């Protein structure tokens, strides 16, 4: 199997727009209750990095944390091609201690996202 077969497709990704402050994005984030979210720029094809929910914790004890710039909290996205084999990806997740990869198509567009939990249900 390949990543493209088991990915969360681009339309179904819950993403955070990089222009939004926590005041604006947190309601949808809290509703979705995911651990990690792609952060986008101009479009769903413009993935800037990934936001970990737990990385928002420092904002609780700030004066004005609800107005912070999310770009500063970003981790780089791990990118994989659509054709990446699942057995290879699983070994990569172990080596790099990550949970999420952003899937890019043959044109560099964003196909979707894929997680370690999803890989385990398929191989």
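Positions refer to the first chain, counted from 1.
Where do the C-alpha atoms have the higher mean temperature factor in this entry, in 84-92 or in 67-75?
According to the PDB entry, the answer is 67-75.
Please place residue 41 in the lowest, middle or highest third of its chain according to the CA B-factor in the PDB entry.
For residue 41, whose C-alpha B-factor we compare with every modelled residue in the chain, the answer is the highest third.
Please rank the C-alpha B-factors of the chain's modelled residues and tell me whether residue 20 sits in the lowest, middle or highest third.
It belongs to the middle third of the chain when residues are ordered by C-alpha B-factor.
Taking only the Cα B-factors deposited for this chain, tell me whether residue 123 sits in the lowest, middle or highest third.
Answer is highest: the recorded C-alpha B-factor places it there.
Select lowest, middle or highest to describe the third in which the CA B-factor of residue 116 falls within its chain in this entry.
Residue 116: CA B-factor falls in the middle third of its chain.
Based on the deposited C-alpha B factors for this chain, I'd like to know if residue 8 is in the lowest, middle or highest third.
It belongs to the lowest third of the chain when residues are ordered by C-alpha B-factor.
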